[PDB]
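Everything on this sheet refers to the single structure shown next.
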Amino acid sequence: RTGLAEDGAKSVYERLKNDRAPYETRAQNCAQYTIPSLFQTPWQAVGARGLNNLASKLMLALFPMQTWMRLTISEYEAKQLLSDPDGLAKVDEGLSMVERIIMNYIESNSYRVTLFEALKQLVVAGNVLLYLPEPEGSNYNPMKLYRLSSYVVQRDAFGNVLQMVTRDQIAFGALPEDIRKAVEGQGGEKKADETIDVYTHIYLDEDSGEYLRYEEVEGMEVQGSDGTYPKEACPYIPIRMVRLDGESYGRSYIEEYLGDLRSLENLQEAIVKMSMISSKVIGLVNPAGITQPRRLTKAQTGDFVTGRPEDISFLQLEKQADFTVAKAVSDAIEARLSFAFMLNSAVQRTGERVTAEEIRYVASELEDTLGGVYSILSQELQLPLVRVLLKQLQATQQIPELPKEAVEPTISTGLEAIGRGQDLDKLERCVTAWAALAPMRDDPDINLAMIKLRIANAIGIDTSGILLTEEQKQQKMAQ
Amino acid sequence: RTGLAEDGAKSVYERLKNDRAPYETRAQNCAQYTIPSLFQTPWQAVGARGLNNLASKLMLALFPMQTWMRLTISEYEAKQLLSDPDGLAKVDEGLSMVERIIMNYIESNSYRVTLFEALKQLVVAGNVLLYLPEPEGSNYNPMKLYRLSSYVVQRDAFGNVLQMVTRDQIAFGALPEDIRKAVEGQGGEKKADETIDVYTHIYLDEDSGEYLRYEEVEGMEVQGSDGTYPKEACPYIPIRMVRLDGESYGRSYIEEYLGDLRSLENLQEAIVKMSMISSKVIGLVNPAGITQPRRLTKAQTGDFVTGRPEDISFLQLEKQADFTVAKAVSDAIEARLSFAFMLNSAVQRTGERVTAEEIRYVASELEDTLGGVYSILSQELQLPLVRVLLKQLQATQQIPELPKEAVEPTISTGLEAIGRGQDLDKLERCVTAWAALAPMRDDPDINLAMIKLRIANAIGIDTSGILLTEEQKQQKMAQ
Amino acid sequence: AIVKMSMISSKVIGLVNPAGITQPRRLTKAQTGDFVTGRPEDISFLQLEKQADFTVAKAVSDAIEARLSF
């Protein structure tokens, strides 16, 4: 074979590993000051608690136990079945069964627990790509996360992906049997401890636009694992926190705010260290004085010992005056970071009893920030995940066959998909605004048929199978 | 035998014991500053009280006395019985009897009391695996918890488990009779005191994908205990607090926040030690002065003694100035840890009378954190537990036989499963939104049949056996 | 400049008079609750004590922070 792997994947991995190195060190920097174990352990938990809340508060809105995508009938299909109501009813029933299948798959296949780490890592790193390869209908298809450190990607100036490579080091103890043999014959006498790196390369076929995979184990192949992928659906997904116009990767959310994060840690730790000095009781006996250490060190309470106070002092550094200046600043940054990590208690920074309304106003800002990040993250990670899972399930045919109208639907996400839809809110607000013109349903020179429409128009309902057609209006008026 | 135990389990235990050693020391560190007896006794209880609340507050939502899983009819089975209502009713009745069986089993078999320690340990340690081996319908099947220290596990880069080993040291006084003989018929005259380590090895059969067990007692076997396990259902469960992309184990929740926990202990204990010094009354008599200790030490109140005040002083270290600097920081960390241990009283950190609303906002952040951790922990520990118990009970046939439609159901957990379902909330909100279009049930040119659907669509009800079918609509209109 | 300033205020440096009896080693190593030979006068700490200027800087940083915020 040739193409983009003219001489293996390792070669392509090393070539891109130089473009990735800035993002990689940036990610390790962010991790150090927040929670390091995502790339020893820091002097504050402020950043840590923030990142934790940011992941929680994100996924609980993005990936809750509620159904959070709604498949809508394709526009042409909707048009083709116009005002054929029994069928359209059954179609929604069909896709809204699909709604449940993928969800009941996700909750059982343990996608959520990994998507947590995915968001955590996607926040501190900027990129963190996901494999959901083998449905294997019978058993667990666990999701697999490849953190920024142990993978690499290349893109074109548009956004499209050409080639990605992922390294996995497992030590030959926990290898599948096909590679265990393809390894121990070409290599040496291996042990469970040693450690083997299995690269994985995906090209874009340079004419028949489709992704091709193979698995390299030291300038070799797996002698079996190589499979194909269409461009539209690839079970190998590279997400992106904070896009850039070109490049290949994306910016850690927790970067622009690090300027202060670093400022806080290197200060916080000095304060903690300072406190540890203030707390230390050391007693300075004048060796020229009469008061001798032992008689005190051993003396219990209520005693009387020979000596005067002047022979003894205690360290008493008394630099509160500086401390208060350091603290007053540590809290000022802690507050700014708090607001930047969606952390309620941005509202309370001591002072006075912040009154009841400048809470629900500061709240609206925090909700705006989370909502903006939510919409981007939702739109980018949420839809690629759904589109891939939909195609995978259609291929295995765990989707008991549908009518023609539900082979290619559209994929509403976020609010619309859960109960509290705005489609709905528009619908019910119109119905009530229709109840409004009851006191003139017996209209002397007032045309309800027209108003009843213009209202639904301004609100923006479909008005399809709603306003009884001129013919159906006249037909029903006689009954 | 051979496979993954080419020469016993002890060998595999020792090989993996080196990969486990970092997690193990990390766990002992966490424990030291929280509650140490989970791996002498510390100077503060803050962390202790936090871990306690964290376990309580978790399990009370995860594992309450209420029924907290609901088995739903498999999707194909639902489709196959579409609009056959008497049967579907009876099906729900059937699984909702299964709902009660497993629960009545769990409450009687004392699962909750162990699952407490499981969560406590899973919080401080990162992993803590669970055995629920023998149903023994007649009596107690107690749950068995193997703490991180006395077990070990290996995984593949996917999540799947290959081999686990558990050590149990009991001293030959409390051994079953088969090992008691298989032990003293190899190794020595043994007393009730001595102490015997029984290892326990589980392979993945390297072609007929199924878990195989045996029980080793010193490079030997139990001569009986060896049994098999299918891959889908193993009564040997390894949970995971905070996943990692690879490895084998998981991260203690109480790790990233330790950075401050350690900082607090080593300070707190200095303060306590400082206080004990401040409280100590030592009286310094000048031996050159006239005032003599005896006369005072023995003198009662209201007396008059010969001497002047200048001959006597008291220790008076007077380093409040430093203390206030130390305290002001101890409380600042105490507050950040409190928030990180779901501890209400995160809201009150003295200052002023925190007003009425920036409580229910700081609450929403604490509920979000607990809710996120809950969803992961629920999804990971809750569903593996249920799936295992369901299969075990089906095998012993304590599940009086069901129709074909309830051999492989789906397993809803969390909110859906208890009364307050979102499925329910959507249903009732639609029904009321339908009551909304009563003032136009006598519709002049307004099609209710269509609106009454589109509402249930936007909300996301099934609409199955709800909107009377075109034929059933026309059939009932004549009656 | 404030962040930098704080970093200076936080820094604990202890000035032993080399003419005095109180010697660094015995303190640096001494744990809490101890007694060491020497007097307080031989030792001080840096104590820059320019809060007076800080407060003037802060009161202005926050005034601009407020206008930018809006």
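Ligands are numbered from 1 in the order shown, chains are lettered A, B, ... in the order of the structure tokens, and residues start at 1 in each chain.
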
Can I get the residues of chain C within 12 Å of chain B, each with the closest pair of atoms and their distance in Å to one decimal, using only C-alpha atoms, sorted chain first then ascending number, as JSON lines?
{"residue": "C:10", "atom": "CA", "partner": "B:325", "partner_atom": "CA", "distance": 11.7}
{"residue": "C:31", "atom": "CA", "partner": "B:270", "partner_atom": "CA", "distance": 9.9}
{"residue": "C:32", "atom": "CA", "partner": "B:270", "partner_atom": "CA", "distance": 7.3}
{"residue": "C:33", "atom": "CA", "partner": "B:277", "partner_atom": "CA", "distance": 7.3}
{"residue": "C:34", "atom": "CA", "partner": "B:277", "partner_atom": "CA", "distance": 10.6}

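Summary of the local environment: counting only C-alpha atoms, residues at most 10 Å from residue 164 of chain A, other than itself and those fewer than 2 positions away along its chain, are residues 9, 12, 13, 16, 129, 151, 152, 153, 154, 155, 161, 162, 166, 200, 201, 202, 203, 204, 213, 236, 237 and 238 of chain A.
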
For the selection just defined, write its residues with C-alpha atoms to a file, as a CSV table (one decimal), in the first residue's frame.
chain,number,residue,atom,x,y,z
A,9,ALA,CA,2.1,5.6,10.2
A,12,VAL,CA,3.3,10.5,9.9
A,13,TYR,CA,2.9,10.4,13.7
A,16,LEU,CA,2.7,15.8,13.0
A,129,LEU,CA,-10.7,12.5,20.2
A,151,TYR,CA,-2.8,10.8,19.2
A,152,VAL,CA,-2.3,13.3,16.4
A,153,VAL,CA,-4.5,14.8,13.5
A,154,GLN,CA,-4.1,16.9,10.3
A,155,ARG,CA,-6.8,19.1,8.7
A,161,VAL,CA,-9.9,15.8,8.3
A,162,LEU,CA,-7.3,13.9,6.0
A,166,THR,CA,-3.3,7.0,17.6
A,200,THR,CA,-3.5,3.3,13.9
A,201,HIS,CA,-3.5,5.3,10.6
A,202,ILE,CA,-6.6,6.6,8.6
A,203,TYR,CA,-6.1,8.2,5.1
A,204,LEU,CA,-8.6,10.0,2.9
A,213,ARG,CA,-7.7,2.4,8.2
A,236,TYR,CA,-13.1,8.0,14.7
A,237,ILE,CA,-14.2,11.5,15.9
A,238,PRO,CA,-11.9,14.5,16.5

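Of the listed residues (A:156, A:331, A:462, A:86), A:86 comes nearest to chain B; the distances count only C-alpha atoms.
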
Report the residues of segment 390-452 of chain B whose backbone DSSP state falls under strand (DSSP E), written as a list in words. residues 410, 411, 412 and 413 of chain B

Just the selected residues (N, CA and C atoms), exported as a CSV table (one decimal), in the first residue's frame, please.
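Output (part.csv):
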chain,number,residue,atom,x,y,z
B,410,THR,N,-34.8,-3.6,28.8
B,410,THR,CA,-33.8,-2.4,29.0
B,410,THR,C,-34.0,-1.9,30.5
B,411,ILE,N,-33.0,-1.3,31.1
B,411,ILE,CA,-32.9,-1.1,32.5
B,411,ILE,C,-32.7,0.5,32.8
B,412,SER,N,-33.9,1.2,32.8
B,412,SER,CA,-33.9,2.6,33.3
B,412,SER,C,-33.5,2.7,34.8
B,413,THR,N,-32.7,3.7,35.1
B,413,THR,CA,-32.3,3.9,36.5
B,413,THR,C,-32.5,5.4,36.8

Between B:346, B:262, B:316, B:321, which residue has the minimum interatomic distance to residue 279 of chain B, considering only C-alpha atoms? B:316

Spatial neighbours of residue 28 of chain C, 12 Å, only C-alpha atoms, chain gap at least 2 places, as a list in words: residues 277, 280, 282 and 315 of chain A; 13, 14, 16, 22, 23, 24, 25, 26, 30, 31, 32, 34 and 36 of chain C

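Interatomic distance, atom CA of residue 251 of chain A against atom CA of residue 337 of chain A: 17.7 Å.
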
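Shortest atom-to-atom contact with residue 19 of chain C among C:43, C:64, C:6, C:37: C:43, counting only C-alpha atoms.
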
Test item: residues at most 10 Å from residue 103 of chain A, only C-alpha atoms, excluding those fewer than 2 positions along its chain, as a tab-separated table (two decimals) with N, CA and C atoms, in the first residue's frame:
chain	number	residue	atom	x	y	z
A	63	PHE	N	-25.74	15.91	28.16
A	63	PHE	CA	-25.89	14.42	28.19
A	63	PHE	C	-26.60	13.98	29.47
A	65	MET	N	-29.95	12.05	31.58
A	65	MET	CA	-30.68	10.75	31.48
A	65	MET	C	-31.95	10.94	30.66
A	66	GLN	N	-32.42	12.19	30.50
A	66	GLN	CA	-33.57	12.54	29.63
A	66	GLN	C	-33.15	12.33	28.18
A	67	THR	N	-34.09	12.00	27.30
A	67	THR	CA	-33.87	11.97	25.83
A	67	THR	C	-33.53	13.40	25.39
A	68	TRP	N	-32.42	13.60	24.68
A	68	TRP	CA	-31.87	14.95	24.39
A	68	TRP	C	-31.55	15.12	22.89
A	69	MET	N	-32.12	14.28	22.03
A	69	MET	CA	-32.18	14.54	20.57
A	69	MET	C	-33.56	14.10	20.07
A	98	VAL	N	-36.77	5.39	17.65
A	98	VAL	CA	-35.31	5.53	17.35
A	98	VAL	C	-34.66	6.41	18.42
A	99	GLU	N	-35.32	7.53	18.76
A	99	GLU	CA	-34.94	8.45	19.88
A	99	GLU	C	-34.52	7.60	21.09
A	100	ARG	N	-35.34	6.61	21.47
A	100	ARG	CA	-35.17	5.77	22.69
A	100	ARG	C	-34.07	4.72	22.49
A	101	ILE	N	-33.95	4.13	21.30
A	101	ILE	CA	-33.00	3.00	21.03
A	101	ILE	C	-31.58	3.48	21.35
A	105	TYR	N	-29.13	2.51	24.35
A	105	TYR	CA	-27.78	2.02	23.95
A	105	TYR	C	-26.72	2.77	24.76
A	106	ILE	N	-26.79	4.11	24.75
A	106	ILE	CA	-25.78	5.00	25.40
A	106	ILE	C	-25.72	4.72	26.90
A	107	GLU	N	-26.87	4.63	27.57
A	107	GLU	CA	-26.94	4.44	29.05
A	107	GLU	C	-26.36	3.07	29.42
A	108	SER	N	-26.57	2.04	28.59
A	108	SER	CA	-26.13	0.65	28.86
A	108	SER	C	-24.66	0.48	28.48
A	109	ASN	N	-24.23	1.09	27.37
A	109	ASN	CA	-22.86	0.98	26.81
A	109	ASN	C	-21.89	1.92	27.53
A	111	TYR	N	-21.43	5.27	27.88
A	111	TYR	CA	-20.87	6.41	27.12
A	111	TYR	C	-20.69	7.60	28.06

Neighbour list for residue 37 of chain B as an NGL selection string, cut-off 10 Å, only C-alpha atoms, skip fewer than 5 positions in-chain: :B and (28 or 31-32)

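You can rank A:239, A:458, A:82, A:183 by their closest distance to residue 383 of chain A using only C-alpha atoms, and at the top of that list sits A:239.
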